[PDB]
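I have placed the structure first, in the form of structure tokens, so that the comments after it can refer back to it.
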Number of protein chains: 4
Amino acid sequence: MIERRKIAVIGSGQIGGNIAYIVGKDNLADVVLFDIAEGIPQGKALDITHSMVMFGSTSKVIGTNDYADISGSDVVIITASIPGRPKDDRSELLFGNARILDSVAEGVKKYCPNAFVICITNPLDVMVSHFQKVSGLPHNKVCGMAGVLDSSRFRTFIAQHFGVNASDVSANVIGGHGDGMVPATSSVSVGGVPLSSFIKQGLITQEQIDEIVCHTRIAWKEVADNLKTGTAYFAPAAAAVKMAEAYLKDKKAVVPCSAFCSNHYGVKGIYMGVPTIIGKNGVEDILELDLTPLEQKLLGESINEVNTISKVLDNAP
Amino acid sequence: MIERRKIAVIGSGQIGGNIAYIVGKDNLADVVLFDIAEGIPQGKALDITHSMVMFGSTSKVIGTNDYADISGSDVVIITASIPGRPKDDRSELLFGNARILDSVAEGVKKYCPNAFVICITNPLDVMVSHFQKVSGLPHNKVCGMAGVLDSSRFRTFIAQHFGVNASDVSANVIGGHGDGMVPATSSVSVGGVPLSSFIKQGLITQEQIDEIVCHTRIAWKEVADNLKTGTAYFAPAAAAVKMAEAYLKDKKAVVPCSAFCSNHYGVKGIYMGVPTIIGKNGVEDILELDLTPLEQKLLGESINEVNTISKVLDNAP
Amino acid sequence: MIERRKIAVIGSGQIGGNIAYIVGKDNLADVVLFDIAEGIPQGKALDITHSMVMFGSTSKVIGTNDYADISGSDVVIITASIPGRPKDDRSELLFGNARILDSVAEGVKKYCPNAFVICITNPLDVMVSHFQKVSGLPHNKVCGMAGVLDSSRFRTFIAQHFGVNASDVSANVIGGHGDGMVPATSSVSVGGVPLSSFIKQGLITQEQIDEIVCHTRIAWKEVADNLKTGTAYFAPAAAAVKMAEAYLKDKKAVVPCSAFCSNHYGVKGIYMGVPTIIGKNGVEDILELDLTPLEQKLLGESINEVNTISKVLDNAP
Amino acid sequence: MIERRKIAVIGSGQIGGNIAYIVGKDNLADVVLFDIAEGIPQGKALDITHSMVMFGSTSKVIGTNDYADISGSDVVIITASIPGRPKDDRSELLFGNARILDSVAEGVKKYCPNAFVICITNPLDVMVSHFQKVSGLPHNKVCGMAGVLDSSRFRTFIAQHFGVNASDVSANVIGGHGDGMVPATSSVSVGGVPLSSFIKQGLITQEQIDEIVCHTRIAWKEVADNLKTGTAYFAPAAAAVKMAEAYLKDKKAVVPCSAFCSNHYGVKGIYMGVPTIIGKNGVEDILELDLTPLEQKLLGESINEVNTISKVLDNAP
Ligand SMILES: NC(=O)c1ccc[n+]([C@@H]2O[C@H](COP(=O)([O-])OP(=O)(O)OC[C@H]3O[C@@H](n4cnc5c(N)ncnc54)[C@H](O)[C@@H]3O)[C@@H](O)[C@H]2O)c1
Ligand SMILES: NC(=O)c1ccc[n+]([C@@H]2O[C@H](COP(=O)([O-])OP(=O)(O)OC[C@H]3O[C@@H](n4cnc5c(N)ncnc54)[C@H](O)[C@@H]3O)[C@@H](O)[C@H]2O)c1
Ligand SMILES: NC(=O)c1ccc[n+]([C@@H]2O[C@H](COP(=O)([O-])OP(=O)(O)OC[C@H]3O[C@@H](n4cnc5c(N)ncnc54)[C@H](O)[C@@H]3O)[C@@H](O)[C@H]2O)c1
Ligand SMILES: NC(=O)c1ccc[n+]([C@@H]2O[C@H](COP(=O)([O-])OP(=O)(O)OC[C@H]3O[C@@H](n4cnc5c(N)ncnc54)[C@H](O)[C@@H]3O)[C@@H](O)[C@H]2O)c1
């Protein structure tokens, strides 16, 4: 018969609460806000529940500390993390958050092993790989939100330069969600017009493109330094919801995200940011961009960065 | 000539940021997030800006500490407040927030005097009255968000009892935004059916109605007790957005809010929670509910409660 | 796993095409446009398909003359009808459309017996009863769209008098979808305010209320006389989509529609317009309005009107 | 001061009615449906008005035969045309529709000369040029809907090949709205990946690309051959709405439409399909695609084809 869609949000902090808010507002699914901290998810769920009638949504949103409540979830979005913002690298959270995901993996494997898992917890790419390993869930049913956020920033900065609608900018960021991420300028277009043409027309310079690439890479610090007590959470929540939409509505949407890449980009099995097709069977395919030799090299360096952090985790305390 | 609609959010804390988020997502308007605290409004605006392309919105969202930036605002929403949740009474914030709203009133008077002003800062009804005095804005262009939140909770709790969609519940809360708020059970209907019929049908007891009424009055504590930093903010943000919508889209919408009532409900000039008609000229009308003798009495007590706290403010030692 | 929602529209004429258009635009489901007339559904589906990318929807919409294509449909909406608008009574289509529904019943019973069936074909109430009888589908899984259209008109005319947002008018029409339909003025409210109060305030007269009741009853002719070559189709399509939403999203929405009423309104088993709760198990409940003796009588006359047309069909050629 | 946005739809046939429907549903604006035929625009407006409460929209929709009613319109959309589908060429309607647009131009010049005008009437590119001449409106406030429809079909057919979401396909059709329209395969990307890469990857053949290009050019016939009354109307309506949105919400959106190109693409003053930037000042910019030699040649032929039919109109015998 018909059953309501169900999204479980593991971690009801800044990002987690926003996901429930937006999911409830859109009436995409029922939401289960999970957290180990007492009160937090219950208070947020009640608050969000009062807003549902205002939004004309019948989504049910509840708070809990019981993994039994995530039973039958179609999608699980993992935001759970140790406290304290990274000082200057997402990898500072590696050891703690790895242990958290061990716990989350057991809850998911027990109560909703057929769920599509979207990881957000940093260090993103290594956390996704660690989760798939420990949970044993199929590779196509486990991925990480990152590329949608990085590319959205990349697109937005390009859009803000030209003064155009950012939806009409096509632009991807690939590789690991770190300093090594690769905003692929070579495949950027604005309504079909490539950046090379705008350079010739004198409407953008290569230095401005380089500033935009740098800005994209360091964007997390710009937001964090202004917020003071945490990291970005409005956009990361929105990005996760877009990914959830792609799965639940079987969109076959092109989603840059951390997925298990084995026969593309010259890698033989690793979680990293790539353009994917997402539908009812999770990550259904990976697209291969035309990268320049410089971009292929930068990707290689990003791959090394992911492997480095991955090897550190293997030799953790 | 077409100009983008512009909404100023004065105070970029919990509620402020959510307003900017939702307004941006809906592409209702451009947003200026104002706050005295450094970084905070700039951080949230940047984060929210990155989500705009994800939502398919071209809304601009910026942060600032300069009232000149709210120039030409169509709507101004005031969340500015001193920190810390009230222990068990919204009046505790009286003098601090009154001083805050003085500077806000000066900012609005100078830079966007023709704007529609929606006050949220507690103690709500008194703050609205105070802002209008100091600012000198027309009574119909100044009002308070409260009734939509309180009525939404009332509707939600009624809907939860019958197991029906809350959107199909008509229910109003009137009077001041405090313990003396009056959920008008006499005017409640569920798809056309009044509570009296549900009693006779044995689908609800007067006891259950009394529990719902009480639950509405103290709903703020239930949320605040669980959050453990501050008070409700997801639903208050949404309520303010609905009010902004009614103005910007000239809905002629029935909106329970704190408005200047000078004839109806046996009062000659006071700001209190009443069902209004909001459109392009602000609060365009006030509707007279058919209140019972009991409800008239409870409303009278709320009027006194509001006049008390107002009188305390007028006597600045 | 996740499967896309699927709505089958049986009859791809004026109403049928609009349903697919709106369902596709909202991305509520995939749509199968069925018609026996060659070309029509194929042409409409291709046209609507080109619009999907404009709406940002991934809904698939196809045209067909093969009942196999409606296999696994969650909802079936029946608009199929003999040609030529009713001269002055919906019952003129009774004999022809009854035979059409015999055919439709066989397709549904074979290819999607677990579907929620929403009938639109006139004469609505008798056609719904005839379909349930011939198809053998459970009473709660078969209903007729009518009350949403009639009540929407009723609400709109009231709203247009007062100059208010029609969403803030609560008003029901019950009984059969014919001249005998009963707009229940006694349970009408505008933001909680009953009509009796507006009469006292001099803002509406009982004659104006009577004009509105009459206008509601004869609304179909007003539209038809202006369109010339057919009957209303924009609003009837929208109404069917709202009903489909209620089922697919398990809203528990209050939906006036033609449902099998057996223990309410003093009837012991008949399809007629009543306020229902609609969710994932179809018509899940019926609400009992407080009718005046005059309204109870008018309902009785509507019931007799339905029985009369029903008995004519039993003694058809 | 807030005023409701206002859209005039001149011609209330197939496309006109759909525009009013969708505009109303989205609450983008109020609508005035204009037509010379009696009843038709009034019938559709009344029907559509009944759907407004169902959609939760307060948009007004009215019918009229009086140009005074389009006074103060922000946008004017012209679907007015002689009846009957073209047999196999849009130019067949040339002289009839040219005379129709004379009276429309007079109506707009008198009652809403500051409006943004979106022409739909075929033969599109010539009609746009003709309307601008007779009306005397600024070149940037007058344009034609075509590219959005043609590009949407192009995107749709590309997306259907790869089995991906069409929203993630960037693709442009330029030149005149006719057989000589140029689907620019060189500027096509799917999530950043160009067609050249898909060839090398063996995911598409040049033959399949040629079929898609051809399919785009003759797409109108495929629909028209199946409808058996008139031509496509669901997607053209939606395309016009997207253009209206871009203007009313100042999107700075990339919109392929028939615009006055006086420098780019080696032309000095002609209306043809080009990718524009649309915002509050109408057609604010034109983008230069990086066309191949072949595409430059095909575009040149389209320019000649457009100049031919334009020249035939200028010589009124
Ligand atoms: N991938 C990205 O692009 C991206 C972007 C921004 C932030 N992030 C990351 O997302 C994570 C969440 O960020 P945030 O701002 O929401 O953090 P937060 O501190 O606001 O929330 C974290 C929540 O997790 C909860 N938690 C802790 N241990 C838990 C456990 N064992 N099980 C369940 N819940 C637990 C905490 O109680 C807290 O409520 C962080 O690790 C951050 O670095 C990722
Ligand atoms: N009306 C209602 O129904 C309702 C519901 C919930 C909360 N509230 C009230 O709304 C207010 C805001 O709640 P919150 O959770 O957003 O509080 P918050 O502390 O999160 O945000 C308040 C913001 O105001 C800013 N501020 C302080 N002084 C200022 C000044 N002079 N000018 C501009 N900004 C200034 C602070 O920097 C802070 O960011 C509170 O007073 C709360 O009691 C009302
Ligand atoms: N319940 C209501 O409130 C309400 C409101 C308006 C109209 N209606 C009714 O809805 C029905 C449809 O109206 P319309 O304007 O869409 O009619 P229409 O003539 O535009 O469309 C009817 C379609 O049904 C098709 N058809 C005929 N026989 C069929 C069969 N055996 N199987 C499948 N399809 C078949 C026709 O080819 C045609 O395309 C009419 O009977 C009308 O009276 C009901
Ligand atoms: N640009 C495109 O891509 C595109 C796509 C499809 C169709 N079209 C064209 O758009 C036009 C409209 O298509 P349609 O299906 O809506 O046609 P239609 O015949 O359904 O509607 C045309 C309407 O114009 C009205 N009309 C006639 N003379 C008039 C006058 N002097 N003033 C005002 N109104 C008048 C008629 O009464 C009729 O209702 C056609 O010319 C068609 O070729 C263009």
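Please note that chains go A, B, ... in the order of the structure tokens, that every chain numbers its residues from 1, and that ligands are numbered from 1 in the order shown.
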### Query
Tell me, which residues of stretch 144-253 of chain A carry DSSP strand (DSSP E or B), written as an MDAnalysis selection string?
chainID A and resid 144 169:170 173:175 182:183 189:190 193:194 253
Would you write out those residues with N, CA, C and O atoms, as a short mmCIF file (atom, residue, chain, number, x, y, z; two decimals), in the first residue's frame?
data_model
loop_
_atom_site.label_atom_id
_atom_site.label_comp_id
_atom_site.auth_asym_id
_atom_site.auth_seq_id
_atom_site.Cartn_x
_atom_site.Cartn_y
_atom_site.Cartn_z
N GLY A 144 28.42 10.42 0.40
CA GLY A 144 28.62 11.59 1.24
C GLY A 144 28.19 12.88 0.56
O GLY A 144 28.49 13.09 -0.61
N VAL A 169 24.40 28.81 -14.18
CA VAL A 169 25.82 28.47 -14.21
C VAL A 169 25.98 26.98 -13.99
O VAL A 169 25.50 26.43 -12.99
N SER A 170 26.64 26.31 -14.94
CA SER A 170 27.02 24.91 -14.79
C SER A 170 28.47 24.88 -14.33
O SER A 170 29.34 25.41 -15.01
N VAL A 173 32.59 20.80 -8.66
CA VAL A 173 33.77 20.57 -7.83
C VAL A 173 33.85 19.07 -7.59
O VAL A 173 32.84 18.43 -7.27
N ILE A 174 35.04 18.50 -7.77
CA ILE A 174 35.26 17.06 -7.62
C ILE A 174 36.43 16.80 -6.66
O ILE A 174 37.08 17.74 -6.21
N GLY A 175 36.68 15.53 -6.36
CA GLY A 175 37.72 15.16 -5.41
C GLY A 175 37.22 15.25 -3.98
O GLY A 175 36.02 15.37 -3.73
N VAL A 182 38.75 20.08 -6.20
CA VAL A 182 39.06 20.61 -7.52
C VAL A 182 37.84 21.25 -8.19
O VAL A 182 37.01 20.54 -8.76
N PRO A 183 37.73 22.58 -8.13
CA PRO A 183 36.75 23.25 -8.95
C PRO A 183 37.22 23.26 -10.41
O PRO A 183 38.16 23.97 -10.75
N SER A 189 30.32 26.64 -17.50
CA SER A 189 29.63 27.44 -18.51
C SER A 189 28.53 28.30 -17.88
O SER A 189 27.98 27.96 -16.84
N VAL A 190 28.26 29.44 -18.53
CA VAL A 190 27.19 30.34 -18.12
C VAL A 190 26.20 30.42 -19.27
O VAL A 190 26.44 31.11 -20.27
N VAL A 193 27.84 29.36 -22.49
CA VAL A 193 29.07 30.07 -22.82
C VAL A 193 30.20 29.65 -21.88
O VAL A 193 30.08 29.83 -20.67
N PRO A 194 31.31 29.13 -22.42
CA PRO A 194 32.43 28.71 -21.58
C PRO A 194 33.25 29.90 -21.09
O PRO A 194 33.14 31.00 -21.65
N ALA A 253 19.11 12.46 -11.14
CA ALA A 253 19.73 13.78 -11.11
C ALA A 253 21.24 13.65 -11.10
O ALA A 253 21.79 12.69 -10.57
#
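Neighbouring residues of residue D:24 at 8 Å or closer, counting only C-alpha atoms and skipping chain neighbours under 2 positions away, are residues 20, 21, 22, 26, 27, 28, 29, 30, 31, 48, 52, 57, 58, 59, 60 and 61 of chain D.
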Residue selection dump (C-alpha atoms) as a compact mmCIF listing (two decimals), in the first residue's frame:
# COMPACT_ATOMS: atom_id res chain seq x y z
CA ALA D 20 -3.64 32.17 -16.71
CA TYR D 21 -3.97 28.78 -14.99
CA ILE D 22 -0.26 28.43 -14.19
CA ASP D 26 1.96 29.99 -8.75
CA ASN D 27 0.43 33.26 -7.46
CA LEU D 28 2.93 35.01 -9.72
CA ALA D 29 0.46 37.80 -10.51
CA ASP D 30 -3.12 38.83 -11.20
CA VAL D 31 -4.33 37.95 -14.68
CA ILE D 48 -9.64 29.23 -13.18
CA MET D 52 -7.36 29.52 -6.90
CA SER D 57 -3.49 31.38 -4.23
CA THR D 58 -5.11 34.82 -3.92
CA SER D 59 -4.45 35.70 -7.59
CA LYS D 60 -7.32 37.42 -9.39
CA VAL D 61 -8.15 36.14 -12.88
For this session: Do me a favour and pick out the residues of chain B within 7 Å of chain A, using only C-alpha atoms, as number ranges by chain.
Result: B: 39-40, 42-44, 46-48, 50-51, 53-54, 56, 58, 152-153, 156, 165-167, 223, 226-227, 232, 234-235, 238-239
Neighbourhood of ligand 1 at 7 Å, counting only C-alpha atoms and all ligand atoms, reported as a PyMOL selection string = chain A and resi 10-16+34-37+79-85+90+100+103-104+120-124+144-146+149+177+230-233+236
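In terms of minimum interatomic distance to ligand 3, C:97 ranks closest within C:281, C:132, C:197, C:97, counting only C-alpha atoms and all ligand atoms.
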Would you list the contacts of residue A:298 as a VMD selection string, taking every protein, DNA or RNA residue within 10 Å and counting only C-alpha atoms, but skipping same-chain residues closer than 3 positions in sequence? chain A and resid 175 180 to 184 291 to 295 301 to 304
Discussion item. DSSP on the backbone, helix (DSSP H, G or I) only: what residues of stretch 260-308 of chain C does that give? Format it as an MDAnalysis selection string.
Written reply: chainID C and resid 293:308
Report task. Find the residues near residue A:126: any atom within 12 Å, counting only C-alpha atoms, skip ones fewer than 2 places away on the same chain, and give them as a PyMOL selection string. Result -> chain A and resi 90-91+93-95+97-98+101+119-124+128-133+143-144+146+175-178+258-260+270-273+303+305-314
So that I have them on file, write out the residues from the current selection with N, CA and C atoms, as a compact mmCIF listing (two decimals), in the first residue's frame.
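Dumped everything to out-v4.txt:
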# COMPACT_ATOMS: atom_id res chain seq x y z
N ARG A 90 39.36 19.96 8.64
CA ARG A 90 38.26 19.03 8.91
C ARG A 90 38.74 17.70 9.50
N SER A 91 39.98 17.32 9.17
CA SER A 91 40.59 16.08 9.65
C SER A 91 40.81 16.01 11.17
N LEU A 93 38.71 16.15 13.35
CA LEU A 93 37.59 15.40 13.91
C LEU A 93 37.66 13.91 13.59
N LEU A 94 38.69 13.49 12.86
CA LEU A 94 38.77 12.14 12.30
C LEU A 94 38.56 11.00 13.31
N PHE A 95 39.29 11.04 14.42
CA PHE A 95 39.31 9.92 15.36
C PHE A 95 37.99 9.80 16.11
N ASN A 97 34.90 11.21 15.33
CA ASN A 97 33.75 10.95 14.46
C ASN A 97 33.74 9.55 13.86
N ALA A 98 34.92 8.98 13.63
CA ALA A 98 35.00 7.57 13.23
C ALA A 98 34.28 6.66 14.23
N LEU A 101 30.46 7.01 14.05
CA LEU A 101 29.91 6.28 12.90
C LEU A 101 29.88 4.76 13.10
N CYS A 119 26.00 10.61 4.18
CA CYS A 119 26.87 11.07 5.25
C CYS A 119 27.24 12.54 5.07
N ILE A 120 27.30 13.27 6.18
CA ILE A 120 27.70 14.68 6.20
C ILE A 120 28.89 14.90 7.14
N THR A 121 28.89 14.21 8.28
CA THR A 121 29.98 14.22 9.25
C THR A 121 31.37 14.29 8.60
N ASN A 122 32.19 15.23 9.06
CA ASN A 122 33.57 15.36 8.59
C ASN A 122 34.54 14.49 9.39
N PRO A 123 35.72 14.17 8.81
CA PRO A 123 36.17 14.50 7.45
C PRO A 123 35.42 13.67 6.42
N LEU A 124 34.60 14.35 5.62
CA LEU A 124 33.53 13.72 4.83
C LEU A 124 33.91 12.43 4.11
N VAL A 128 32.68 8.61 5.06
CA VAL A 128 31.79 7.82 4.20
C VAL A 128 32.35 6.42 3.98
N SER A 129 33.63 6.35 3.62
CA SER A 129 34.31 5.08 3.40
C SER A 129 34.30 4.22 4.66
N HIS A 130 34.59 4.84 5.80
CA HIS A 130 34.57 4.16 7.08
C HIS A 130 33.18 3.60 7.41
N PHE A 131 32.14 4.37 7.10
CA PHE A 131 30.77 3.93 7.37
C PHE A 131 30.37 2.73 6.53
N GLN A 132 30.69 2.78 5.23
CA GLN A 132 30.37 1.67 4.33
C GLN A 132 31.09 0.40 4.76
N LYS A 133 32.34 0.55 5.16
CA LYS A 133 33.16 -0.57 5.63
C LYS A 133 32.54 -1.23 6.86
N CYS A 143 26.75 7.16 0.39
CA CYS A 143 27.52 8.25 -0.20
C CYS A 143 27.64 9.41 0.78
N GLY A 144 28.42 10.42 0.40
CA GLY A 144 28.62 11.59 1.24
C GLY A 144 28.19 12.88 0.56
N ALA A 146 28.83 16.49 -0.20
CA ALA A 146 29.95 17.43 -0.23
C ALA A 146 29.95 18.23 -1.53
N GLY A 175 36.68 15.53 -6.36
CA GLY A 175 37.72 15.16 -5.41
C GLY A 175 37.22 15.25 -3.98
N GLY A 176 38.15 15.18 -3.03
CA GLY A 176 37.82 15.14 -1.61
C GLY A 176 37.35 16.48 -1.08
N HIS A 177 36.47 16.43 -0.08
CA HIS A 177 35.95 17.63 0.56
C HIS A 177 36.99 18.18 1.53
N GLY A 178 38.02 18.81 0.97
CA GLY A 178 39.11 19.39 1.75
C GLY A 178 39.79 20.50 0.96
N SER A 258 30.33 12.32 -2.72
CA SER A 258 31.36 11.33 -2.43
C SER A 258 30.80 9.93 -2.62
N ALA A 259 31.19 9.30 -3.73
CA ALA A 259 30.68 7.98 -4.11
C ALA A 259 31.85 7.04 -4.41
N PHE A 260 31.59 5.74 -4.34
CA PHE A 260 32.64 4.74 -4.57
C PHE A 260 32.99 4.66 -6.06
N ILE A 270 37.62 3.90 -4.59
CA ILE A 270 37.79 4.88 -3.52
C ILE A 270 36.58 5.81 -3.45
N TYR A 271 36.23 6.24 -2.24
CA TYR A 271 35.18 7.24 -2.06
C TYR A 271 35.78 8.62 -2.27
N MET A 272 35.26 9.34 -3.25
CA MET A 272 35.66 10.73 -3.49
C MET A 272 34.58 11.47 -4.27
N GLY A 273 34.66 12.79 -4.27
CA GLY A 273 33.69 13.62 -4.97
C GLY A 273 33.74 13.44 -6.48
N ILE A 303 43.27 12.94 -4.40
CA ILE A 303 43.22 11.50 -4.13
C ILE A 303 44.27 11.10 -3.08
N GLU A 305 45.52 13.07 -0.83
CA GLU A 305 45.08 13.69 0.42
C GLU A 305 44.07 12.79 1.14
N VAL A 306 43.14 12.21 0.38
CA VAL A 306 42.14 11.30 0.93
C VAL A 306 42.80 10.02 1.46
N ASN A 307 43.73 9.46 0.68
CA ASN A 307 44.45 8.25 1.08
C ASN A 307 45.29 8.47 2.34
N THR A 308 45.91 9.64 2.44
CA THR A 308 46.71 10.01 3.61
C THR A 308 45.87 9.98 4.89
N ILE A 309 44.75 10.71 4.88
CA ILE A 309 43.85 10.76 6.03
C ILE A 309 43.25 9.39 6.31
N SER A 310 42.98 8.64 5.25
CA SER A 310 42.46 7.28 5.37
C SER A 310 43.46 6.34 6.05
N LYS A 311 44.74 6.50 5.74
CA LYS A 311 45.78 5.66 6.33
C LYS A 311 46.02 6.03 7.80
N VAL A 312 45.91 7.32 8.12
CA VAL A 312 45.98 7.78 9.51
C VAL A 312 44.91 7.08 10.35
N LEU A 313 43.68 7.02 9.84
CA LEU A 313 42.58 6.37 10.55
C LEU A 313 42.85 4.88 10.78
N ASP A 314 43.47 4.22 9.80
CA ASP A 314 43.84 2.81 9.93
C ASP A 314 44.86 2.59 11.05
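For the atom pair formed by atom CA of residue A:162 and atom CA of residue D:255, the distance is 15.3 Å, given to one decimal.
Counting only C-alpha atoms, residue C:77 has the following residues at most 6 Å away, ignoring those fewer than 5 positions along the same chain: residues 9, 117, 118 and 119 of chain C.
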Go ahead and write the residues just picked, C-alpha atoms, as a PDB file, in the first residue's frame.
ATOM      1  CA  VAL C   9      -6.023   9.330 -15.902  1.00  0.00           C
ATOM      2  CA  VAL C 117     -10.263   5.401  -7.611  1.00  0.00           C
ATOM      3  CA  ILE C 118     -11.438   9.001  -7.946  1.00  0.00           C
ATOM      4  CA  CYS C 119     -14.427   9.336 -10.284  1.00  0.00           C
TER       5      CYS C 119
END
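Atom CA of residue D:136 lies 20.7 Å from atom CA of residue D:279.
Each of D:211, D:102, D:74, D:250 was checked against ligand 4 using only C-alpha atoms and all ligand atoms; the smallest atom-to-atom distance is that of D:102.
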